[PDB]
Amino acid sequence: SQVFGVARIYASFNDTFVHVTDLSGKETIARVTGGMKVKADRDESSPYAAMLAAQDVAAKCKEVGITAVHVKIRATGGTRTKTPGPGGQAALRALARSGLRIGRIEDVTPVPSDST
Amino acid sequence: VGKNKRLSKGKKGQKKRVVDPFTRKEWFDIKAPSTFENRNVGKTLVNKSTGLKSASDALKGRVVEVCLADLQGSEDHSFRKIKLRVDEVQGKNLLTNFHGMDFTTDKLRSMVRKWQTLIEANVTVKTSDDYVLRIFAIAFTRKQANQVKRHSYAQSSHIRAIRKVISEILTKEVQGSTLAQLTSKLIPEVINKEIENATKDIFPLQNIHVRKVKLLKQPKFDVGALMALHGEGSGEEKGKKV
Amino acid sequence: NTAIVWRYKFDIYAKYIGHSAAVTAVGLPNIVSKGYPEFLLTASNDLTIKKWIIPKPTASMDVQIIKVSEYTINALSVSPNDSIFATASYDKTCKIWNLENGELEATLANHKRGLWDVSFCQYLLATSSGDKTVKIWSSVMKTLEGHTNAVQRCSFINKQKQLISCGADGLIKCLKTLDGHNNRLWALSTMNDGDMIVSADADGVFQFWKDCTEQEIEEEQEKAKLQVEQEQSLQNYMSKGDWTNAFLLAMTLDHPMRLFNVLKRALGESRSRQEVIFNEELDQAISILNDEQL
Amino acid sequence: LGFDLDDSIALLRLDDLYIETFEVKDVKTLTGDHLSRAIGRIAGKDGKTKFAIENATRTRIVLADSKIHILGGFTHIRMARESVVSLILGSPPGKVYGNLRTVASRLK
RNA sequence: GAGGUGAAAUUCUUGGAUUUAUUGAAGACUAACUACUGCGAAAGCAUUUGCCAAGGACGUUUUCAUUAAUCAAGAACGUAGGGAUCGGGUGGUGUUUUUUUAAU
RNA sequence: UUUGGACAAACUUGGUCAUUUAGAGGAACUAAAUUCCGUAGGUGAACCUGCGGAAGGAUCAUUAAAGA
């Protein structure tokens with residue numbers, strides 16, 4: 001018997017977010033960023049920064065009790081890159097390694113229908 | 001970030017150290033409607049069941065976007081995730097109902113290619129209940145067998161005919177049904193084959209899908225009807241011993 | 001909402017209400033003659049301050065009285081003379097008001113980024129801002145110091161120097177940083193403002209600094225006196241003979257030409273005189289020694 | 001996605017090589033004639049400018065009709081991406097050759 | 001902590017910034033389909049549905065009988081050959097289609 | 001109205017002591033190895049903000065068969 005969170009891995013520019021939520025979407029669990037692990041302000045979008053960020057999220061979520069994670073990668077959307085950078089795959093590799101069962105990898109990046 | 005960066009006049013406001021909320025949170029599990037199989041879809045944190053913004057009414061608004069392969073156990077539709085609105089909380093089990101449906105975007109982004117034209121349709125239709133749906137439909141031109149030309153384009157006066165007949169027949173398929181019946185006839189993907197059978201006369205029409213059902217107005221609660229969609233239940237005694 | 005005062009092991013003495021949450025600095029006189037002080041100067045996040053009076057003992061006394069003729073947000077600092085207190089804050093507002101009808105007497109703006117603290121001694125004003133320098137007022141612009149980043153708080157040390165905090169380290173005044181902390185600091189406390197304590201605090205760690213290493217210049221004078229003593233006795237031994245302790249002083253001072261001459265004379269004595277290759281005292285004297293000067 | 005199979009094996013072994021992707025359409029909005037100029041300018045002649053960026057910044061790129069992909073190490077991805085976005089803004093290839101000589105000097 | 005860059009910085013943020021979810025409002029635009037394809041006198045023109053007129057090609061054993069062209073002034077708007085494709089028509093004769101509801 | 005009053009923050013003149021001065025001498029000692037036009041804006045021209053435009057700027061892999 002396993003229970004499921006939802007990753008919502010944000011592969012932004014100049015930053016990376018990982019925060020697993022229970023699969024409604026309200027009760028977020030352990031928001032981390034790329035900034036709050038590294039100390040340089042130059043590579044707060046580092047793949048290594050996202051790696052240990054996802055490691056700390058995996059530790060806190062195993063502490064709470066969720067074992068599998070439906071993972072959803074979101075790029076910055078809008079009229080911008082529309083496609084995950086390197087930090088998304090870095091966090092994905094990290095929390096796929098770190099003892100956490102992974103389900104239903106997707107892409108929830110917004111598409112504009114030709115906005116401004 | 002670190003120690004050498006900045007204080008930035010926002011860290012002077014002090015931190016309000018620890019609340020440890022996961023010792024206070026509470027686990028519920030979700031029961032899907034009985035049109036599907038495997039109605040247990042997972043668990044949800046809420047809050048502690050106290051008064052003054054209680055749990056049973058801080059609940060009952062949310063949605064859960066579960067996958068149809070996770071509901072049916074069959075990987076023939078790994079796409080087409082649905083959204084269940086949690087509606088009636090009843091004894092640790094969130095009884096939910098249907099709220100929407102959408103394709104995972106990789107499926108349609110791999111379906112659409114060039115050298116074919118795609119058709120869209122969408123109607124606002126009331127069911128036999130008082131739900132109203134902006135139900136959608138996507139369609140694609142089939143490269144006919146024994147073809148030679150690279151094109152396979154629709155004449156754009158066939159497009160009005162295909163869109164008219166597809167809006168007419170799925171308007172009929174909604175209006176002759178209730179919402180539970182609409183889910184139980186949308187799950188084994190049968191209005192797609194109905195569109196292809198009633199529309200292969202005019203054009204060859206590669207794979208048809210519906211890809212979106214958006215609810216826009218809900219009738220009422222009808223607690224008894226929602227309990228009828230799952231199974232009955234009567235919460236009764238536990239021993240006092242004091 | 002509040003700001004309260006505690007008197008007597010302690011206990012509550014007087015609550016004080018009426019603000020927007022009072023998230024700010026307080027201040028007391030440094031002149032108290034009777035058995036109770038009479039000026040509580042608090043600031044607020046109403047962009048205002050409030051002076052009031054702490055009344056007589058043997059009560060509870062939750063009151064609110066005197067004006068808010070003010071900015072209308074941190075770092076309130078009181079005088080030993082209690083004629084002028086300081087309220088420097090909030091993007092280069094270095095104002096000083098008069099513990100009375102509070103006029104706008106000599107407001108200053110010579111900084112670049114937001115202010116962080118202001119302090120001034122019992123013994124003549126020093127503020128500290130986000131310009132990573134600390135500046136000294138009298139009037140106008142006496143001095144500044146400057147280091148790495150974001151000087152949080154400063155304090156005068158006993159007449160004329162001052163110690164500043166929170167670059168990553170408690171630095172005195174340039175000369176003499178003290179860098180035993182890791183993260184940010186909001187703490188600087190002295191005993192009698194020139195004497196043997198100053199306590200500072202990081203997020204977690206306490207650093208108690210005893211300021212009792214100014215006998216180190218005394219023992220450094222003792223070191224130089226020792227050096228000239230067993231340097232001149234080397235010349236005395238070279239001129240008087242008894243080459244053994246002359247060798248000892250020459251080796252401990254590493255004077256190589258006098259070393260060469262002292263053991264040349266020792267060697268000539270050993271060739272002239274009559275297991276043993278120098279005089280035997282010098283033999284055991286180089287026998288005993290340790291490794292580094294060996 | 002479009003790299004060759006030895007390049008994908010190079011992603012399989014030595015796990016710290018990631019794969020960035022972006023589009024032509026994000027910068028300067030690139031109407032179709034200028035888009036043809038853009039992909040012809042990035043490919044050069046007989047793939048020579050693309051192979052120059054490949055051998056210079058220790059990474060390997062592939063490019064579809066409007067969306068390109070670079071795989072390698074992360075700061076080499078960033079170096080190749082800034083050289084590509086300068087070239088797609090439109091620069092003399094001699095100037096981007098000199099810039100890549102400087103970036104190869106940073107590489108050594 | 002967020003932003004932002006080659007690094008920064010400004011700014012925002014414990015009155016909860018970024019992110020997450022449920023909505024609601026506002027204007028603009030019509031992602032992929034998109035091509036050496038379509039239209040319009042030209043500039044230009046891409047969501048659906050309806051109305052209002054117009055236009056082009058084709059079809060034609062229908063009518064009129066030189067009504068044509070060319071432009072100042074003025075006016076409105078701003079050398080021969082072959083393959084493939086789009087629109088229309090004719091013929092062929094296989095699969096898609098289907099049959100007493102209409103259509104083609 | 002002060003019956004009447006020690007004092008009382010700041011000042012005047014001198015002294016008393018100290019701080020740096022600021023540079024100018026004197027005379028001692030120690031040390032001394034990508035381009036351009038039109039519409040609009042301002043920077044002195046250029047150049048630049050934003051829009052419509054012509055590249056006279058140099059296309060490599062990938063392409064309709066799949067037999068569970």
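Definitions and cut-offs
- Residues numbered from 1 in each chain as written, not as in the entry; some residues may be left out.
- Chains lettered and ligands numbered in written order.
- Part of a larger assembly, values for the part shown.
- Heavy atoms only, no water.
- Residues with missing side-chain atoms left out of burial classes, pairs and counts.
- UniProt positions renumbered as here; feature names shortened; annotations may be inferred.
- Near = heavy atom within 4 Å.
- Polar contact = N/O pair within 3.5 Å; in protein donor to acceptor, adjacent residues only side chain to side chain.
- Helix = DSSP H or I, 4+ residues; strand = E, 2+ residues; numbered from the N terminus.
- Nonpolar A, V, L, I, M, F, W, Y, C, P; charged D, E, K, R; others polar.
- Pairing = 2+ DSSP bridges.
- Contact = heavy atoms within 4.5 Å.
- Buried < 20%, exposed > 50% of the residue type's maximum accessible area, 1.4 Å probe, protein only.
- Patch = residues over 30% accessible without salt bridge, like charges linked within 9 Å, V, L, I, M, F, W, Y side chains within 5 Å.
- Areas by Shrake-Rupley, 256 points an atom, 1.4 Å probe, with all protein chains shown as cover.
- Salt bridge = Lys/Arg side-chain N within 4 Å of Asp/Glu carboxyl O.
- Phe/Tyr/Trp six-rings, centres within 6.5 Å; stacked < 30°, edge-to-face > 60°.
- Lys NZ or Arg CZ within 6 Å of the ring centre and 35° of its normal.

The name that the PDB entry assigns to chain A is 40S ribosomal protein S14-A, with the source organism given as Saccharomyces cerevisiae. Within the UniProt record for chain A, the comment given under Sequence similarities is "Belongs to the universal ribosomal protein uS11 family."

For the rest of this paragraph, the subject is the protein's contact with RNA strand F. Residues and elements named next belong to chain D. Neighbouring RNA strand F are 21 residues; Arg37, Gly40, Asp46, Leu63 and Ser91 lie closest to it. Among all atoms of RNA strand F positioned within 4 Å of the protein, those belonging to sugar or phosphate total 51%. A distance of 2.4 Å is found between a phosphate oxygen of RNA strand F and a side-chain nitrogen or oxygen belonging to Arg37. In this structure, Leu63 approaches RNA strand F through a main-chain N or O atom, which is 2.4 Å from a base nitrogen. At the level of elements, α2 (32-43) and α3 (48-56) are the ones that each hand at least two residues to the surface near RNA strand F. With eight residues, the single largest contributor to the surface near RNA strand F is α2. Partitioned by chemical class, the residues of the surface near RNA strand F number six nonpolar, eight polar and seven charged.

With that out of the way, let us pick up the sheet that holds strand β7 (residues 96-97) of chain C. Residues and elements named next belong to chain C. Taking strand neighbours across the sheet as the criterion, the three strands line up as β5-β6-β7 in an open arrangement whose pairing is antiparallel. Both edges of this open sheet fall to β5 (76-77) and β7, since each of them pairs with a single strand only. In this structure, strand β6 (residues 85-87) lies alongside β7, joined through two bridges in antiparallel fashion. If you follow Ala86 over to β7, its bridge partner there is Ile96.

Turning next to the environment of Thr57(D). Residue and element names in this part refer to chain D. Topologically, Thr57 is positioned in the loop between α3 and β2 (60-63). Once the C-alpha coordinates of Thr57 and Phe3 are considered, the two residues, 54 residues apart in sequence, prove to be 16 Å apart. For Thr57, the contacting residues outside a window of four places in its chain are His76, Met79, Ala80, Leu100 and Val103. Here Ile53 takes part through its backbone oxygen, which lies 2.6 Å from a polar atom of the side chain of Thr57.

Turning to unusual backbone geometry, a few remarks are in order. All names here are of chain C. Positive phi outside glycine occurs at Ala106, with the angle close to 60°. Checked against the element boundaries, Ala106 lands in the loop between β7 and β8 (115-119). One non-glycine residue, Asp254, lies in positive phi territory at about 40°. Here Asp254 shows up in the loop between α2 (243-252) and α3 (256-272). Assessed through its relative accessible area of 58%, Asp254 is described here as exposed.

Moving on: a nonpolar patch on the surface. The grouping of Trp6(C), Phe10(C) and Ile12(C) at the surface amounts to a nonpolar patch, some 420 Å² of accessible area in total. With respect to the helices and strands, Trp6(C) occurs in strand β1 (residues 5-6).

A few words on the pairing of strand β1 (residues 27-31) of chain B. Residues and elements named next belong to chain B. Along β1, the buried face is formed by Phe28 and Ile30; none of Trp27, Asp29 and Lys31, which line the opposite face, is buried. Bridging between β1 and strand β2 (residues 40-45) involves five bridges; their strand directions are antiparallel. Bridge pairing in β2 places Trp27 opposite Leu45. Across three bridges, β1 lies against strand β5 (residues 93-102) in parallel orientation. From the neighbouring strand, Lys31 faces β5, where its bridge partner is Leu95.

A word on the packing of aromatic side chains. Evaluated as defined, the whole model comprises six aromatic pairs over all chains. Ring centres of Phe206(C) and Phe208(C) lie 5.9 Å apart, and the angle between their planes is 10°; on these two criteria the pair is classed as stacked. Assessed through its relative accessible area of 56%, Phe206(C) is described here as exposed. Over the ring of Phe136(B) we find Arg134(B), and its NZ or CZ is 6.0 Å from the ring centre. We note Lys212(B) situated over the ring of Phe136(B); from NZ or CZ to the ring centre the distance is 5.8 Å.

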